[PDB]
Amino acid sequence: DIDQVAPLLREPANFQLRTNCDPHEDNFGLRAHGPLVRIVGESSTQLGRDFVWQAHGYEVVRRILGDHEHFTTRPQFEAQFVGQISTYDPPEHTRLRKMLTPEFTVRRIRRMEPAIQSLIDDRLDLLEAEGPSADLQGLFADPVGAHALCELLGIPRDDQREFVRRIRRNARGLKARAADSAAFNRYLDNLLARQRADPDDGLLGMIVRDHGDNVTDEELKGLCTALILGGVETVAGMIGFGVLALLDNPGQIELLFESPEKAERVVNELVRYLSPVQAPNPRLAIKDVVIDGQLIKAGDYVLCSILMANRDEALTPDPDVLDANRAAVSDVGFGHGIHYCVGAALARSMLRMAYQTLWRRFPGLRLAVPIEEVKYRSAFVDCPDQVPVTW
């Protein structure tokens, strides 16, 4: 069942940009052209193509994200990607994934909660000290995402301050970046030498303990990088956007305290509605494949919009309303298939604690600026730049 070729559309001015927490109207106009379109603009140029496909309907995004038969996420050049699990295809992906799995179980996460609760409490103390107009993004969301990652890797408490600073620097000139990189790499080598010598219980220690000489230091450093890139800004973005979204839909705040089951639904509904990883790694076709009446040719790239897929009426009724009371559905906020977020259980747990502790301590939380004044970061993961609040 083949249709006319999807029409070439010029990339809209506000392609991938938002209006408050939502996709900018330009993205809905593009979606109105069909589940699969072809776009020409900055995206295709950046990928060295005349055009790129954009899958933005729910069914097609779920299908492509999970299809590792017809698509690869390997960069087309390599050593700079060693251990970057999201860019591996099976069988290599499978090996790295199995090394990570054991450290992300709910059992391991629960044991981590006291330290996470304590981090959240400390950052809210600072928010409270700052008083009215305090930047919730910079004082609470950002450091919670950064320090939670530090805890997961097992970064010494006294090194975290500097480590988070490094995390944000490489995130000033190529020469300065080369220096930050050299320093970060030196730090990781010393950290790994210590773990190889006497493995502790952290994520790195557990992998050294379980695989030892079956995993290289290059892979371990790449895995560290993958977790930092995959978990710091995403958590920070969910906290910031989640706060904005709950403040704009206050009736949802009480559901957070209704029951453990309802609180988990609020967190999953926020991930669906917000989808901070709006567009994951582009999928490069390695075999021709027919999808929804279009022929995607080997060599073509397909951008998958998780954000627009999760706003599809095909997924749920009134998808543009934040409503944790809707029947749970299989959204693609954490992805789908072999690359499904390895950190999903941890994110769900940290986000529930972050939001609940925040409203227990500042029940009268209120945005301190007009919603239209809030600015948003331009990066691989969507995230508010500053979120001034009062209470």
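Counting begins at 1, following the sequence as shown.
According to the PDB entry, the deposited sequence contains 1 to 3 residues between residue 171 and residue 172 that lack coordinates. Where residue 77 is followed by residue 78 in the displayed chain, the model omits 4 to 9 of the deposited residues that sit between the two. As the entry records it, the average C-alpha temperature factor is higher for 358 to 366, out of 53 to 61 and 358 to 366. If you average the C-alpha B-factors over 98 to 106 and over 198 to 206, the higher value belongs to 198 to 206. Among 297, 265, 211, 311, the highest C-alpha B-factor in the deposited entry belongs to 211. Highest CA B-factor among 318, 158, 92, 248, as stated in the entry: 158. Sort the modelled residues of the chain by CA B factor and residue 302 lands in the lowest third. Residue 123 sits in the lowest third of its chain by CA B factor, as recorded in the PDB entry.
In the deposited entry, the Cα temperature factor of residue 331 sits in the bottom third of values across the chain's modelled residues. The entry lists a Cα temperature factor for residue 293 that places it in the middle third of the chain's modelled residues.
Per-chain ranking of the deposited C-alpha B factor places residue 130 in the middle third.
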